[PDB]
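Under the working numbering, think of the first position of the sequence shown as 1, with each following residue one higher. Take a look at the structure set out below.
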Amino acid sequence: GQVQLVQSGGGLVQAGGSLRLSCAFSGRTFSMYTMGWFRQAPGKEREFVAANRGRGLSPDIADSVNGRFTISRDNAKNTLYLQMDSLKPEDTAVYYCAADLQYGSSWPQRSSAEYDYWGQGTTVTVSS
């Protein structure tokens, strides 16, 4: 078995608006993966945003987006979402989803070097 993550969504959006990003999972046993979102703004390093390890467990959300961004997974469609509300220009970045096999890893998991599969990235720009 392989894992493949396919991202959809993204665009140019005005501050205070709202977007939802999608990350489709392809492979076996969605539920054995921690799923996460990372972002990389121009110039800076990859930054942790949010992660989810399964339906009935609390997410791990970065301080910078707590109260604005929410993460959820759809088990029916094997899809990870990132709902971005109250967008700010500082949210401008390329957004990546990633998967971490839970066996042999740990929770919470904010280190990008510990994730094992990555989506292709989604560009989100927030204008004033």
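We treat Cβ as the ideally placed atom computed from N, Cα and C, and that holds for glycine.
- When C-alpha distances from residue 94 are compared across 9, 106, 1, 3, the shortest belongs to 9.
- Here the C-alpha atom of residue 105 lies approximately 11 angstroms from the C-alpha atom of residue 32.
- The C-beta distance from residue 100 to residue 36 rounds to 7 angstroms, short enough to meet the 8 angstroms contact threshold.
- A direct Cα-Cα distance of roughly 32 angstroms separates residue 4 from residue 15.
- Note on geometry: alpha-carbon atoms of residue 82 and residue 22 lie some 7 angstroms from one another.
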